[PDB]
$ cat final26.cif   # mmCIF, N, CA and C atoms
data_start
#
loop_
_atom_site.label_atom_id
_atom_site.label_comp_id
_atom_site.auth_asym_id
_atom_site.auth_seq_id
_atom_site.Cartn_x
_atom_site.Cartn_y
_atom_site.Cartn_z
N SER A 22 0.82 -1.20 0.00
CA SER A 22 0.00 0.00 0.00
C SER A 22 0.86 1.26 0.00
N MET A 23 0.25 2.39 -0.34
CA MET A 23 0.95 3.67 -0.35
C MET A 23 1.27 4.12 1.07
N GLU A 24 0.35 3.86 1.99
CA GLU A 24 0.55 4.22 3.40
C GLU A 24 1.78 3.49 3.97
N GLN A 25 1.93 2.21 3.64
CA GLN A 25 3.07 1.44 4.12
C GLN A 25 4.38 2.02 3.60
N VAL A 26 4.39 2.44 2.34
CA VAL A 26 5.56 3.09 1.75
C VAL A 26 5.92 4.42 2.42
N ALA A 27 4.91 5.22 2.74
CA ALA A 27 5.12 6.49 3.42
C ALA A 27 5.78 6.25 4.78
N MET A 28 5.28 5.27 5.52
CA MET A 28 5.83 4.90 6.82
C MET A 28 7.28 4.48 6.69
N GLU A 29 7.56 3.70 5.66
CA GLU A 29 8.92 3.22 5.43
C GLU A 29 9.85 4.37 5.08
N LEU A 30 9.33 5.37 4.37
CA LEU A 30 10.14 6.55 4.06
C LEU A 30 10.47 7.33 5.34
N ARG A 31 9.50 7.40 6.24
CA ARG A 31 9.72 8.09 7.51
C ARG A 31 10.79 7.36 8.31
N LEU A 32 10.68 6.04 8.37
CA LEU A 32 11.67 5.22 9.06
C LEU A 32 13.05 5.39 8.45
N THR A 33 13.11 5.42 7.12
CA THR A 33 14.37 5.65 6.41
C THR A 33 14.94 7.02 6.75
N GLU A 34 14.07 8.02 6.81
CA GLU A 34 14.49 9.37 7.17
C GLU A 34 15.01 9.42 8.61
N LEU A 35 14.32 8.73 9.51
CA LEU A 35 14.75 8.66 10.91
C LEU A 35 16.12 8.01 11.00
N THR A 36 16.30 6.93 10.25
CA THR A 36 17.56 6.20 10.24
C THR A 36 18.69 7.10 9.75
N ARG A 37 18.41 7.94 8.75
CA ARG A 37 19.39 8.89 8.26
C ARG A 37 19.81 9.88 9.36
N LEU A 38 18.83 10.39 10.10
CA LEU A 38 19.12 11.35 11.16
C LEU A 38 19.90 10.68 12.30
N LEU A 39 19.50 9.46 12.67
CA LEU A 39 20.18 8.72 13.74
C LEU A 39 21.61 8.33 13.35
N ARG A 40 21.85 8.09 12.07
CA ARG A 40 23.20 7.80 11.62
C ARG A 40 24.11 9.00 11.86
N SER A 41 23.58 10.19 11.63
CA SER A 41 24.31 11.43 11.89
C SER A 41 24.52 11.63 13.40
N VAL A 42 23.48 11.39 14.18
CA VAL A 42 23.59 11.44 15.64
C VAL A 42 24.65 10.45 16.13
N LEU A 43 24.63 9.23 15.61
CA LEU A 43 25.58 8.21 16.05
C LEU A 43 27.00 8.66 15.74
N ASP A 44 27.20 9.24 14.55
CA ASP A 44 28.54 9.70 14.19
C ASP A 44 29.01 10.82 15.10
N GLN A 45 28.10 11.72 15.46
CA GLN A 45 28.45 12.82 16.34
C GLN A 45 28.78 12.33 17.75
N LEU A 46 28.00 11.37 18.23
CA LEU A 46 28.24 10.80 19.56
C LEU A 46 29.58 10.08 19.61
N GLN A 47 29.89 9.31 18.58
CA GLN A 47 31.11 8.52 18.58
C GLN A 47 32.36 9.40 18.48
N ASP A 48 32.19 10.62 17.96
CA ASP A 48 33.31 11.56 17.93
C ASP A 48 33.69 12.04 19.32
N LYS A 49 32.76 11.89 20.26
CA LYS A 49 33.01 12.28 21.65
C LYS A 49 33.73 11.17 22.42
N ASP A 50 34.10 10.11 21.70
CA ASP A 50 34.84 8.97 22.25
C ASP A 50 36.10 8.75 21.40
N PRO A 51 37.01 9.73 21.40
CA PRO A 51 38.16 9.62 20.50
C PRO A 51 39.08 8.46 20.88
N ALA A 52 39.07 8.09 22.16
CA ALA A 52 39.86 6.95 22.63
C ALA A 52 39.32 5.61 22.11
N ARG A 53 38.10 5.63 21.56
CA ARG A 53 37.42 4.44 21.04
C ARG A 53 37.20 3.34 22.09
N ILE A 54 36.94 3.78 23.32
CA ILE A 54 36.69 2.87 24.42
C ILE A 54 35.36 2.13 24.25
N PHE A 55 34.42 2.77 23.55
CA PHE A 55 33.07 2.22 23.41
C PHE A 55 32.75 1.73 21.99
N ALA A 56 33.79 1.62 21.17
CA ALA A 56 33.65 1.29 19.75
C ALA A 56 33.18 -0.14 19.47
N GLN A 57 33.62 -1.09 20.29
CA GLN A 57 33.38 -2.51 20.05
C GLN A 57 32.83 -3.19 21.32
N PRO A 58 32.15 -4.33 21.16
CA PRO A 58 31.69 -4.99 22.40
C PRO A 58 32.85 -5.40 23.29
N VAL A 59 32.61 -5.38 24.60
CA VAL A 59 33.59 -5.91 25.54
C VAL A 59 33.87 -7.38 25.21
N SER A 60 35.15 -7.72 25.09
CA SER A 60 35.57 -9.08 24.77
C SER A 60 35.41 -10.06 25.94
N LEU A 61 34.66 -11.13 25.73
CA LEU A 61 34.47 -12.11 26.78
C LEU A 61 35.71 -12.97 26.94
N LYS A 62 36.63 -12.89 25.99
CA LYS A 62 37.90 -13.58 26.11
C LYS A 62 38.84 -12.83 27.05
N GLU A 63 38.77 -11.50 26.99
CA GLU A 63 39.61 -10.66 27.83
C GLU A 63 38.94 -10.29 29.15
N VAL A 64 37.61 -10.32 29.18
CA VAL A 64 36.85 -10.09 30.41
C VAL A 64 35.82 -11.20 30.58
N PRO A 65 36.30 -12.39 31.01
CA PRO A 65 35.47 -13.60 31.03
C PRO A 65 34.26 -13.51 31.95
N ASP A 66 34.30 -12.69 33.00
CA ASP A 66 33.17 -12.62 33.92
C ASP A 66 32.16 -11.52 33.57
N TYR A 67 32.33 -10.88 32.42
CA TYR A 67 31.55 -9.66 32.13
C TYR A 67 30.03 -9.85 32.25
N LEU A 68 29.53 -10.98 31.75
CA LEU A 68 28.08 -11.20 31.71
C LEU A 68 27.49 -11.53 33.08
N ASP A 69 28.34 -11.86 34.04
CA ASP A 69 27.90 -12.00 35.43
C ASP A 69 27.55 -10.64 36.02
N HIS A 70 28.17 -9.60 35.47
CA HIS A 70 28.02 -8.24 35.97
C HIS A 70 26.98 -7.45 35.18
N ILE A 71 27.13 -7.51 33.87
CA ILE A 71 26.36 -6.69 32.95
C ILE A 71 25.41 -7.57 32.12
N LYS A 72 24.11 -7.34 32.27
CA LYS A 72 23.12 -8.23 31.67
C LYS A 72 22.78 -7.87 30.23
N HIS A 73 23.00 -6.61 29.87
CA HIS A 73 22.73 -6.17 28.51
C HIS A 73 23.86 -5.31 27.95
N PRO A 74 24.94 -5.97 27.50
CA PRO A 74 26.09 -5.25 26.93
C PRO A 74 25.69 -4.41 25.71
N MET A 75 26.39 -3.31 25.50
CA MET A 75 26.14 -2.48 24.33
C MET A 75 27.42 -1.75 23.95
N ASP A 76 27.48 -1.33 22.69
CA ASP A 76 28.65 -0.65 22.14
C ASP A 76 28.25 0.02 20.83
N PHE A 77 29.11 0.88 20.29
CA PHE A 77 28.78 1.63 19.08
C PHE A 77 28.64 0.74 17.84
N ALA A 78 29.46 -0.30 17.72
CA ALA A 78 29.37 -1.18 16.57
C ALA A 78 28.03 -1.93 16.53
N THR A 79 27.60 -2.40 17.69
CA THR A 79 26.34 -3.10 17.81
C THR A 79 25.17 -2.16 17.50
N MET A 80 25.24 -0.92 17.97
CA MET A 80 24.21 0.08 17.63
C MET A 80 24.15 0.29 16.13
N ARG A 81 25.32 0.42 15.50
CA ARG A 81 25.37 0.72 14.08
C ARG A 81 24.76 -0.42 13.26
N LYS A 82 24.97 -1.66 13.71
CA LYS A 82 24.36 -2.81 13.05
C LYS A 82 22.84 -2.71 13.08
N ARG A 83 22.29 -2.43 14.25
CA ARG A 83 20.84 -2.32 14.40
C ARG A 83 20.31 -1.15 13.59
N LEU A 84 21.07 -0.07 13.56
CA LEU A 84 20.70 1.13 12.82
C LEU A 84 20.55 0.86 11.33
N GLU A 85 21.52 0.17 10.75
CA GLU A 85 21.51 -0.07 9.31
C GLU A 85 20.45 -1.10 8.89
N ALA A 86 19.95 -1.85 9.86
CA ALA A 86 18.82 -2.73 9.64
C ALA A 86 17.51 -1.99 9.91
N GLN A 87 17.60 -0.67 10.03
CA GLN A 87 16.46 0.19 10.39
C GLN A 87 15.72 -0.36 11.61
N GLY A 88 16.49 -0.75 12.63
CA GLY A 88 15.95 -1.38 13.82
C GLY A 88 15.61 -0.43 14.96
N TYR A 89 15.83 0.87 14.77
CA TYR A 89 15.37 1.86 15.74
C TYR A 89 14.10 2.55 15.23
N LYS A 90 12.97 2.31 15.89
CA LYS A 90 11.68 2.83 15.41
C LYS A 90 11.44 4.27 15.85
N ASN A 91 12.17 4.71 16.86
CA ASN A 91 12.04 6.06 17.38
C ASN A 91 13.32 6.46 18.09
N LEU A 92 13.43 7.73 18.48
CA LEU A 92 14.65 8.21 19.13
C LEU A 92 14.84 7.58 20.50
N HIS A 93 13.74 7.33 21.21
CA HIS A 93 13.82 6.76 22.55
C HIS A 93 14.58 5.43 22.55
N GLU A 94 14.31 4.58 21.57
CA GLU A 94 14.97 3.28 21.48
C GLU A 94 16.48 3.44 21.27
N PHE A 95 16.84 4.40 20.44
CA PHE A 95 18.24 4.72 20.17
C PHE A 95 18.91 5.21 21.45
N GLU A 96 18.25 6.13 22.14
CA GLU A 96 18.80 6.66 23.39
C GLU A 96 18.96 5.59 24.47
N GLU A 97 18.04 4.63 24.50
CA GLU A 97 18.14 3.53 25.46
C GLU A 97 19.45 2.79 25.30
N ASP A 98 19.83 2.53 24.05
CA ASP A 98 21.05 1.80 23.76
C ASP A 98 22.28 2.64 24.08
N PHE A 99 22.21 3.94 23.80
CA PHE A 99 23.34 4.83 24.14
C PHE A 99 23.51 4.88 25.66
N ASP A 100 22.40 4.98 26.37
CA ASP A 100 22.47 4.99 27.83
C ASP A 100 23.06 3.68 28.37
N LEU A 101 22.80 2.56 27.70
CA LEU A 101 23.38 1.28 28.11
C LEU A 101 24.90 1.32 28.05
N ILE A 102 25.44 1.92 26.99
CA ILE A 102 26.89 1.98 26.84
C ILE A 102 27.51 2.67 28.05
N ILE A 103 26.95 3.82 28.39
CA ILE A 103 27.41 4.64 29.51
C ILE A 103 27.19 3.95 30.85
N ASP A 104 25.96 3.52 31.08
CA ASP A 104 25.59 2.96 32.37
C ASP A 104 26.31 1.65 32.70
N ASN A 105 26.52 0.81 31.70
CA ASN A 105 27.23 -0.46 31.88
C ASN A 105 28.64 -0.19 32.36
N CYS A 106 29.27 0.77 31.70
CA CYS A 106 30.65 1.14 31.99
C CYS A 106 30.80 1.69 33.40
N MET A 107 29.84 2.53 33.81
CA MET A 107 29.93 3.17 35.10
C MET A 107 29.60 2.20 36.23
N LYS A 108 29.04 1.03 35.92
CA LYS A 108 28.84 0.04 36.97
C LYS A 108 30.06 -0.89 37.07
N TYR A 109 30.52 -1.39 35.94
CA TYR A 109 31.62 -2.36 35.93
C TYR A 109 32.93 -1.76 36.40
N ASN A 110 33.16 -0.51 36.02
CA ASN A 110 34.43 0.16 36.30
C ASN A 110 34.31 1.15 37.45
N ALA A 111 35.36 1.26 38.25
CA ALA A 111 35.34 2.16 39.40
C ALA A 111 35.54 3.62 38.98
N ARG A 112 35.15 4.54 39.86
CA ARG A 112 35.28 5.98 39.60
C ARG A 112 36.67 6.47 39.22
N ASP A 113 37.71 5.82 39.71
CA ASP A 113 39.06 6.31 39.49
C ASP A 113 39.71 5.72 38.24
N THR A 114 38.90 5.21 37.32
CA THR A 114 39.44 4.55 36.13
C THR A 114 39.23 5.38 34.88
N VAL A 115 40.12 5.20 33.91
CA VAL A 115 40.00 5.89 32.63
C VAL A 115 38.69 5.50 31.92
N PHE A 116 38.25 4.27 32.13
CA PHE A 116 36.98 3.82 31.54
C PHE A 116 35.77 4.58 32.08
N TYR A 117 35.65 4.65 33.39
CA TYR A 117 34.52 5.35 34.01
C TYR A 117 34.52 6.81 33.60
N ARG A 118 35.70 7.43 33.64
CA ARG A 118 35.78 8.85 33.34
C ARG A 118 35.45 9.12 31.88
N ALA A 119 35.80 8.19 31.00
CA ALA A 119 35.46 8.35 29.59
C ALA A 119 33.94 8.30 29.39
N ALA A 120 33.27 7.47 30.18
CA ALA A 120 31.81 7.39 30.10
C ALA A 120 31.13 8.66 30.60
N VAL A 121 31.67 9.27 31.66
CA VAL A 121 31.10 10.52 32.16
C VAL A 121 31.19 11.61 31.09
N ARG A 122 32.35 11.69 30.44
CA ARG A 122 32.59 12.70 29.43
C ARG A 122 31.72 12.48 28.20
N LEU A 123 31.53 11.22 27.82
CA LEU A 123 30.64 10.88 26.71
C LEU A 123 29.19 11.23 27.03
N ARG A 124 28.76 10.93 28.25
CA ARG A 124 27.40 11.28 28.66
C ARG A 124 27.18 12.79 28.65
N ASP A 125 28.13 13.55 29.18
CA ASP A 125 27.96 15.00 29.26
C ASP A 125 27.93 15.64 27.88
N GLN A 126 28.87 15.25 27.03
CA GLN A 126 28.98 15.82 25.69
C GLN A 126 27.88 15.32 24.76
N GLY A 127 27.46 14.08 24.97
CA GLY A 127 26.41 13.49 24.17
C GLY A 127 25.06 14.13 24.44
N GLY A 128 24.88 14.63 25.66
CA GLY A 128 23.65 15.29 26.06
C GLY A 128 23.30 16.45 25.15
N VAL A 129 24.31 17.22 24.78
CA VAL A 129 24.14 18.35 23.88
C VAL A 129 23.53 17.90 22.55
N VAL A 130 24.11 16.84 22.00
CA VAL A 130 23.74 16.30 20.70
C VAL A 130 22.32 15.74 20.71
N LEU A 131 22.00 14.98 21.76
CA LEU A 131 20.69 14.37 21.88
C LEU A 131 19.58 15.39 22.14
N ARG A 132 19.94 16.50 22.78
CA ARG A 132 18.97 17.55 23.06
C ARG A 132 18.40 18.14 21.76
N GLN A 133 19.28 18.41 20.80
CA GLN A 133 18.84 19.00 19.54
C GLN A 133 18.28 17.92 18.61
N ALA A 134 18.78 16.69 18.72
CA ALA A 134 18.21 15.58 17.95
C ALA A 134 16.73 15.37 18.28
N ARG A 135 16.37 15.52 19.55
CA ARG A 135 14.98 15.37 19.96
C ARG A 135 14.12 16.47 19.33
N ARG A 136 14.62 17.70 19.35
CA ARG A 136 13.93 18.79 18.69
C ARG A 136 13.71 18.51 17.20
N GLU A 137 14.73 17.97 16.53
CA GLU A 137 14.66 17.71 15.09
C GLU A 137 13.68 16.60 14.73
N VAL A 138 13.65 15.55 15.55
CA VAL A 138 12.74 14.43 15.32
C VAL A 138 11.30 14.90 15.48
N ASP A 139 11.05 15.69 16.51
CA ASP A 139 9.73 16.29 16.72
C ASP A 139 9.35 17.26 15.60
N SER A 140 10.26 18.17 15.28
CA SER A 140 9.98 19.24 14.32
C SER A 140 9.70 18.69 12.93
N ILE A 141 10.61 17.84 12.44
CA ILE A 141 10.45 17.23 11.12
C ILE A 141 9.38 16.14 11.14
N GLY A 142 9.01 15.70 12.34
CA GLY A 142 7.99 14.68 12.51
C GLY A 142 8.39 13.33 11.95
N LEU A 143 9.33 12.67 12.62
CA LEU A 143 9.86 11.40 12.14
C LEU A 143 9.39 10.22 13.00
N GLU A 144 8.44 10.49 13.89
CA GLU A 144 7.99 9.52 14.88
C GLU A 144 6.51 9.68 15.20
#

$ encode --input "final26.cif" --output "structure tokens"
Amino acid sequence: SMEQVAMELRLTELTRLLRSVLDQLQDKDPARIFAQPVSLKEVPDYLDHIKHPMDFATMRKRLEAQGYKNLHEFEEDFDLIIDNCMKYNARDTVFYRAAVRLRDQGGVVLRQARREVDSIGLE
């Protein structure tokens, strides 16, 4: 149907905007601490601690499959990256501190992304 196509165009448009958001967020992680999933070979007990691992590569996979239906779902996954890190790692670590900085700087980006999704009406 034509209605189904219109919806798919909106989803495609949303995916385009989220791809830009993802690129902007990942630039706030120049150390690339959050680029890839935590290795279970190098951190064998990780899943005992963290029940829902997340990382930028995994987000990008879901994104290109148009698997984010709205901004909230995308933000949930970004929050997982930050929150997982701040639980597993102690305050005095380069990992924890990198997550704080990503959260603070990412807030700016997500604030205007929400305005754009609402304004252009992608959800």

$ atom_distance --input "final26.cif" --atom1 "atom CA of residue A:92" --atom2 "atom CA of residue A:115"
28.8 Å

$ resolve_selection --input "final26.cif" --expression "the PyMOL selection byres (((chain A and resi 88 and name CA) around 12) and name CA)" --output "compact mmCIF listing (two decimals) with N, CA and C atoms, in the coordinates of the input"
# COMPACT_ATOMS: atom_id res chain seq x y z
N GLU A 29 7.56 3.70 5.66
CA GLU A 29 8.92 3.22 5.43
C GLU A 29 9.85 4.37 5.08
N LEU A 32 10.68 6.04 8.37
CA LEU A 32 11.67 5.22 9.06
C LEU A 32 13.05 5.39 8.45
N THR A 33 13.11 5.42 7.12
CA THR A 33 14.37 5.65 6.41
C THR A 33 14.94 7.02 6.75
N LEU A 35 14.32 8.73 9.51
CA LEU A 35 14.75 8.66 10.91
C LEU A 35 16.12 8.01 11.00
N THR A 36 16.30 6.93 10.25
CA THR A 36 17.56 6.20 10.24
C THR A 36 18.69 7.10 9.75
N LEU A 39 19.50 9.46 12.67
CA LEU A 39 20.18 8.72 13.74
C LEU A 39 21.61 8.33 13.35
N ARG A 40 21.85 8.09 12.07
CA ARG A 40 23.20 7.80 11.62
C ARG A 40 24.11 9.00 11.86
N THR A 79 27.60 -2.40 17.69
CA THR A 79 26.34 -3.10 17.81
C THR A 79 25.17 -2.16 17.50
N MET A 80 25.24 -0.92 17.97
CA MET A 80 24.21 0.08 17.63
C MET A 80 24.15 0.29 16.13
N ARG A 81 25.32 0.42 15.50
CA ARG A 81 25.37 0.72 14.08
C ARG A 81 24.76 -0.42 13.26
N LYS A 82 24.97 -1.66 13.71
CA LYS A 82 24.36 -2.81 13.05
C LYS A 82 22.84 -2.71 13.08
N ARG A 83 22.29 -2.43 14.25
CA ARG A 83 20.84 -2.32 14.40
C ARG A 83 20.31 -1.15 13.59
N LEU A 84 21.07 -0.07 13.56
CA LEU A 84 20.70 1.13 12.82
C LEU A 84 20.55 0.86 11.33
N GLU A 85 21.52 0.17 10.75
CA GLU A 85 21.51 -0.07 9.31
C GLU A 85 20.45 -1.10 8.89
N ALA A 86 19.95 -1.85 9.86
CA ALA A 86 18.82 -2.73 9.64
C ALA A 86 17.51 -1.99 9.91
N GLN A 87 17.60 -0.67 10.03
CA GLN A 87 16.46 0.19 10.39
C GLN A 87 15.72 -0.36 11.61
N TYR A 89 15.83 0.87 14.77
CA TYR A 89 15.37 1.86 15.74
C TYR A 89 14.10 2.55 15.23
N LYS A 90 12.97 2.31 15.89
CA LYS A 90 11.68 2.83 15.41
C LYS A 90 11.44 4.27 15.85
N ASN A 91 12.17 4.71 16.86
CA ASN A 91 12.04 6.06 17.38
C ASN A 91 13.32 6.46 18.09
N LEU A 92 13.43 7.73 18.48
CA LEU A 92 14.65 8.21 19.13
C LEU A 92 14.84 7.58 20.50
N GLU A 94 14.31 4.58 21.57
CA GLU A 94 14.97 3.28 21.48
C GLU A 94 16.48 3.44 21.27
N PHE A 95 16.84 4.40 20.44
CA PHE A 95 18.24 4.72 20.17
C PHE A 95 18.91 5.21 21.45
N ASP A 98 19.83 2.53 24.05
CA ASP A 98 21.05 1.80 23.76
C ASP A 98 22.28 2.64 24.08

$ closest_residue --input "final26.cif" --among "A:42, A:78, A:28, A:23" --to "residue A:137" --atoms "only C-alpha atoms"
A:42

$ resolve_selection --input "final26.cif" --expression "the PyMOL selection byres ((chain A and resi 105) around 8)" --output "JSON, numbers by chain"
{"A": [70, 71, 72, 73, 74, 75, 99, 100, 101, 102, 103, 104, 106, 107, 108, 109, 110]}

$ closest_residue --input "final26.cif" --among "A:27, A:46, A:138, A:68" --to "residue A:123" --atoms "all atoms listed in the file"
A:46

$ resolve_selection --input "final26.cif" --expression "the PyMOL selection byres (((chain A and resi 49 and name CA) around 8) and name CA)" --output "MDAnalysis selection string"
chainID A and resid 45:48 50:51 122:123 126:127

$ atom_distance --input "final26.cif" --atom1 "atom CA of residue A:55" --atom2 "atom CA of residue A:135"
22.6 Å

$ closest_residue --input "final26.cif" --among "A:139, A:117, A:77, A:97" --to "residue A:44" --atoms "only C-alpha atoms"
A:77

$ closest_residue --input "final26.cif" --among "A:124, A:118, A:31, A:53" --to "residue A:143" --atoms "only N, CA and C atoms"
A:31

$ atom_distance --input "final26.cif" --atom1 "atom C of residue A:25" --atom2 "atom CA of residue A:93"
21.7 Å

$ select_by_dssp --input "final26.cif" --residues "stretch 29-144 of chain A" --states "helix (DSSP H, G or I)" --output "ChimeraX atom specification"
/A:29-47,67-70,77-85,92-109,115-141

$ closest_residue --input "final26.cif" --among "A:76, A:34, A:96, A:63" --to "residue A:128" --atoms "only C-alpha atoms"
A:96
